[PDB]
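One structure is given here, and the rest of the page talks about it.
Note that each Cβ is placed from the backbone with ideal geometry, even for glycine, and that neighbours are counted across all protein chains shown. Every number here is computed from the coordinates shown, using simple stated rules; none is lab data.
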Amino acid sequence: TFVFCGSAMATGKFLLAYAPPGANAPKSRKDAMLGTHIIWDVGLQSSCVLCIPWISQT
Amino acid sequence: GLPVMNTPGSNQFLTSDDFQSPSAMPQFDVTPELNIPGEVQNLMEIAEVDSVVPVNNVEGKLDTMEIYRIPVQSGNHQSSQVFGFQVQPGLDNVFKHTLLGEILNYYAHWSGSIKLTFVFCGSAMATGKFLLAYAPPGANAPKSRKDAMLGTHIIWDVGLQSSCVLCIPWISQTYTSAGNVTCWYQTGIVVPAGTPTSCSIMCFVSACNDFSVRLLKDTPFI
Amino acid sequence: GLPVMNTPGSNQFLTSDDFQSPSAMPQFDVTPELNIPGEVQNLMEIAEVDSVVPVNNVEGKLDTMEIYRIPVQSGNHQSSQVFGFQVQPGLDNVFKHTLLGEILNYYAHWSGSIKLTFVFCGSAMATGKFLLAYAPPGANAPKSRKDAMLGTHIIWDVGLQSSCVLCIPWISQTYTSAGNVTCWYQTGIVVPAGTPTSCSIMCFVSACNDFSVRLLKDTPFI
Amino acid sequence: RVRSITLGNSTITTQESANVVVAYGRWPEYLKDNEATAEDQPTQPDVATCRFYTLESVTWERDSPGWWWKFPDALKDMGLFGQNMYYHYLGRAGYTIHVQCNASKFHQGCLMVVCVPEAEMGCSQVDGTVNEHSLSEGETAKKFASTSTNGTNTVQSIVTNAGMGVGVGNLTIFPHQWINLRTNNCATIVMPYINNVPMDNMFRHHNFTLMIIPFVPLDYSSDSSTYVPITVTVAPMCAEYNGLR
Amino acid sequence: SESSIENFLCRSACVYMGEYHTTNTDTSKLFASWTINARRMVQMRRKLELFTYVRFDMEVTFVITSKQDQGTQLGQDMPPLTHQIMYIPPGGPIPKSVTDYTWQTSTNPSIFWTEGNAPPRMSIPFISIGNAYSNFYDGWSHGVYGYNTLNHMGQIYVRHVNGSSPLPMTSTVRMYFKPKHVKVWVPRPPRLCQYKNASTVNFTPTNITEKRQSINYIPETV
């Protein structure tokens, strides 16, 4: 869960992106847009939620 | 056989006649139709769509985006005019090149009702009041805020509503003999510390369902 | 009597009109029809017949029976190309003068599916394998035996089958933008002692039942 | 009052109070079965074409004329949907486009967001022809200008004529949405596949064009941020290609 | 009712006027030709650009007038003149002289007409392997920007039908064109700038509208 702790007058947009195991991390905003992502407007929502499905260890 | 008699009008070419004609490619089966989205049956479906009015059509800015923005200034000017125009689609420069104006200019007679929408594009901290006034055809435009209050008007608080709507009922065509609309500062705009001072209003025009047109002609623009 | 009015188009001769005409020999009873075998109702009955393709249309042999024979050579060449062409009936030289090509050249638009048959004309002692590969329109022709294997292909063993069949589904007309077909040596040809060394392949083309044509025009050959 | 949406291995977050424009009333769908029964069999990927792709954000400053993108080929480097553009000879698809802003209550401005089919553009030289690079740069946006342009082979990109020779106040005839920083900051447009043939090749034809155009410029005061970011996210819908077997 | 699509588009217009002789020393002045499209008639072009896709049939009527050349020779006694009007579908042979073989191809429909009668007329169906015509194309021909080959509609050619060594004469043809059974898809905004050539959408930047005196100005009421 992500929560924005700014004043109630601030607005803007973030891009939250997820890469699966075995994939490289995106290097730009555009190739992060070309994968799995959500666009988060903090003038509308103060918090965002993500659920990640394939977790194991070594 | 079959005695027959030719009438006047025989063997003439009338440019608007309606007759069956022989096909030059009878043995050709045509491609069947596709169901393409967005089909049109009537031009009044184009005129019932809103489009932005260039209300600020004064010198020096006929080729910029500024032509579309009504300026709201800062400070205390609580009885001055903001804007005013005559409602004359088809003829008047401010309405002439909109989607509604471009259609009406294909016909020599038209009539119906019109819809005007106003939208306030300022910051969410600004508050104030405007007075929107309508004068019918044959009446002079009001000269003050008080006589505009003495006619048909609405008081629009932009701290409560961001948009206002008007429907005008007696529109026809041919020092105008048309109705007019004007806007006045009732209070002035008030802001907190750290917000922009000036701001803008935008106008949208459209037609209402009862609009009719007659006598297709040629348009005067190309 | 009977008031009547002549319309435009009266007393003209339209080359494609369809009117009843007066007979010049009314008192003449015609010979009745005979039931001759082999009657035709439609030109697509001619295009659905196989005909031999001149795949070997290179220099020095455009006037011999050799134009129809694809050469299969002897020895070990088990990754080399045997032949390849683009599938373009009507326009391309190898398909242009067949029974299907000659019909299609009477019409300005056509579309359907096509059938290609390959037949091995060697001795009954010869064995080996070929790889037959199809690339769709908009794709490049394969350059090796391995990337032809990575697409749509069939492996054809001539010691088991003497003939192979292909049906191609998306054919239309207008550095081609058409599909292609290629053939590769998978193994090489193997014979016992006392049999001829070289041999030949033949191609037949035809149309499948769903073939359509439009806009009769004039052919460019006479 | 926040919804969380997952397509594939992607997740984004929107507000449940969103408003959605379905372009002409038509949702996207597959060409059903039997336009071309016999030797025209299609296939559909449905693997990682149905997933959110997020481009780079653009920066809205005080003097920004606008931005435009071409579809497709704004996605020709986007993972699998871009691979399928090279492997297959014909295709088709609809799209869902989300546009979002990040701004405060002390900012102000107004944007039009419009999706225009067949947006054929004019050259800066009247007896000239447009170049392929000047029409698009893929996932990077082209820019409108505030005055009339020059140079060879360039789109004439003065923003009042939108590069098409019309009045820019009349683009509301197309599927569009308004973003007024005062009342909302988001826009969703669902576009179906619109062509005069059922399938087509995806490299030499631009089906539609997404444009974003400020009608009231960004304004701020003393020590607010001097820019506002805009973010675009695209999900392809009901994609379909020619069969390969 | 007058704003329906049929009443707005289905109207006749003169789209081409051409001259041709019976004898000349240029041999291109011996026949007249026209390629069918709706982009060199500026008033029809603009009404057609309000939509993205169109589908219609065509009807063509021909008005033909002749004259003896003022060269020298008088006292003639001539029978009325005959003319041939040939339509070529898309994918047909094009003549290059008036003596060419293509004036006799069985798949080019043709009309034979002699002066004094009613004006000739032919009817062409929707001819396209696509499902609609397009007024706008954001693509490449395969390379020309904005030009797609599905919009081909054919050509018209006109000559005299004399024998050998004819007498000198000059004719003029006017073609009147009319679309019928029309359907349109995806409305667009109206063209605001003047057209510059017949194949592109090129334009010089234009003002949004004309000016007035101030943003408050309303003219004095009568």
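Assuming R0 = 56 Å, what is the FRET efficiency of E:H181 and A:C5, from their Cβ-Cβ distance, to the nearest 0.05? Can you show the working numbers first?
Values: r = 65 Å, r/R0 = 1.17.
Rounded to the nearest 0.05, the efficiency is 0.30.
Over all directions, the average projected area of the alpha-carbon convex hull for chain D comes to how many nm²? Show your work: numbers first, answer last.
On the way: hull surface 60.7 nm².
Mean projected area of the Cα convex hull: 15.2 nm².
Exposed loop sites here are GluC sites (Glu not before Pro) in DSSP loop states with at most 16 other C-beta atoms within 10 Å. What is the longest stretch of chain D lacking them?
In short, D:133-245.
Hey, got the average number of other protein chain Cβ atoms within 10 angstrom for residues in C:106-117? Mind showing how you got there, number by number?
Working: counts 3, 5, 11, 9, 2, 4, 2, 3, 1, 0, 0, 0.
The shielding value for this peptide is 3.
Just to confirm my numbers, what's the Cα centroid distance between region B:7-22 and region E:1-80 in Å?
Here the answer is 18 Å between Cα centres.
State, to one decimal in nm, how far the label point of E:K96 lies from the label point of D:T43, with both points 7 Å from Cα in the Cβ direction.
Label at E:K96, label at D:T43, 4.7 nm between them.
Determine by what factor the alpha-carbon radius of gyration of chain C differs from 2.2 N^0.38 Å, reporting the quotient.
1.48
Within region C:189-209, whose backbone N sits under 17 Å from a point 7 Å along Cα→Cβ of C:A124?
Within reach of a label on C:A124: C:191-196.
Once all Cα-Cα distances of region E:1-87 are split into 5 Å bins that start at 0, what whole-number percent is in each one?
Each 5 Å bin holds this share of Cα pairs: 2, 8, 17, 18, 14, 11, 9, 8, 6, 4, 2, 1.
Kindly write out, for region E:33-50 in residue order, the coupling ³J(HN,Hα) from the Karplus curve 6.51 cos²θ - 1.76 cosθ + 1.60 (θ = phi - 60°), rounded to whole Hz, with x marking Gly and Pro.
Working through the residues one at a time gives 8, 8, 9, 7, 8, 10, 10, 10, 10, 5, 7, 6, 3, 5, 5, 6, 6, 5 Hz.
Taking the Cα-to-Cβ direction at D:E35 and at E:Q104 and moving 7 Å from each Cα, how far apart do the two end points lie in nm?
4.4 nm
Cβ neighbours within 10 Å, averaged per peptide: list B:58-68, E:95-105 in order, most packed at the top.
Details: B:58-68: 16.8, E:95-105: 15.1.
Those peptides, ordered most packed to least, come out B:58-68, E:95-105.
Based on the Cβ-Cβ distance from B:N42 to E:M17, what FRET efficiency comes out when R0 is 35 Å, to the nearest 0.05?
FRET efficiency, B:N42 to E:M17: 0.55.
Need the list of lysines near C:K61 for cross-linking: C-alpha distance under 22 angstrom, and skip anything on the same chain fewer than eight residues off.
C:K96
I'd like the mean, over residues of D:190-199, of how many other protein chain beta carbons sit within 10 Å of each residue's own Cβ.
Taking all residues of D:190-199 together, the mean is 5.
Evaluate the Debye formula for region B:1-50 with equal point scatterers sitting on the alpha carbons, no solvent, and hand back log10 of I(q)/I(0) at q = 0.12 Å⁻¹, in q order, two decimals.
Calculated log10 I(q)/I(0) at the listed q: -0.72.
Using θ = phi - 60° and the Karplus curve 6.51 cos²θ - 1.76 cosθ + 1.60, what whole-Hz ³J(HN,Hα) does each residue of region B:41-54 get, with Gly and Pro shown as x?
9, 7, 5, 6, 6, 7, 7, 7, 9, 5, 8, 7, 8, x
Can you give me the Cα centroid spacing of region B:40-77 and region B:95-131 in angstrom?
Between the Cα centres of region B:40-77 and region B:95-131 lies a distance of 8 Å.
Using 10 Å bins from zero, what percent of all Cα-Cα pairs in chain E falls into each bin?
Percent of pairs per bin, in order: 6, 26, 28, 20, 12, 5, 3, 1.
Can you compute the FRET efficiency between B:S162 and B:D29 using 1/(1 + (r/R0)^6), with r the Cβ-Cβ distance and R0 = 56 Å? Round to the nearest 0.05.
0.50
So how many Å³ per residue does the convex hull of the Cα atoms of region C:21-95 work out to?
247 Å³
Can you list, bin by bin at 10 Å, the percent of alpha carbon pairs in region B:131-222, starting at 0?
11, 33, 31, 16, 7, 1
What Kirkwood hydrodynamic radius, in Å, does the protein assembly as shown give when the mean of 1/r is taken over all pairs of distinct Cα atoms and then inverted?
Across the protein assembly as shown, the inverse of the average 1/r is 33.4 Å.
At a 10 angstrom cut-off on C-beta neighbours, averaged per residue, how do the peptides E:197-203, B:11-17, E:153-159 rank from highest to lowest?
My ranking of the peptides, most packed first, is E:153-159, E:197-203, B:11-17.
Give me a single rounded figure for D:54-66: the average over its residues of other chain Cβ atoms within 10 Å of their Cβ.
For peptide D:54-66, the averaged partner shielding equals 3.
Which of the peptides D:79-90, D:210-221 is most tightly packed, and how do the rest follow, going by the mean number of other Cβ atoms within 10 Å of each residue?
Result, highest mean Cβ count within 10 Å first: D:210-221, D:79-90.
Using alpha carbons only, what's the Rg to Rh ratio of chain A with Rh from Kirkwood?
Ratio value, two decimals: 1.04.
Excluding same-chain residues fewer than 8 positions from D:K76, which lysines have a Cα within less than 22 Å of its Cα?
Output for D:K76: A:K27, A:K30, D:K142, D:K143.
Which whole-Hz couplings ³J(HN,Hα) result when phi for each residue of region C:147-164 is put into the Karplus expression 6.51 cos²θ - 1.76 cosθ + 1.60, θ = phi - 60°, listed in order with x for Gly and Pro?
Running phi through 6.51 cos²θ - 1.76 cosθ + 1.60 with θ = phi - 60° gives 6, 5, 5, 7, x, 7, 7, 9, 9, 10, 9, 7, x, 9, 10, 8, 8, 10 Hz.
Please compute the modelled spin-label separation between E:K196 and D:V21, points set 7 Å along Cα→Cβ, answer in nm with one decimal.
Here the modelled spin labels are 2.9 nm apart.
Roughly how many Å is it from the Cα centre of region C:167-209 to that of chain A, as a whole number?
Each part reduced to its Cα centre gives a spacing of 54 Å.
Along its principal axes, what span do the Cα atoms of region D:129-245 show, with the longest given first and each in whole Å?
65, 37, 26
List the residues whose amide H sits under 5 Å from the amide H of D:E137, counting only those 5 or more places along or on another chain, with H placed 1.01 Å from N in the peptide plane.
Hits under the 5 Å cutoff: D:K142.
May I ask you to list the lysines whose Cα is less than 17 Å away from that of C:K146, ignoring any residue fewer than eight positions away on the same chain?
The reachable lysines, counting only those whose Cα sits under 17 Å from C:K146, are C:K129.
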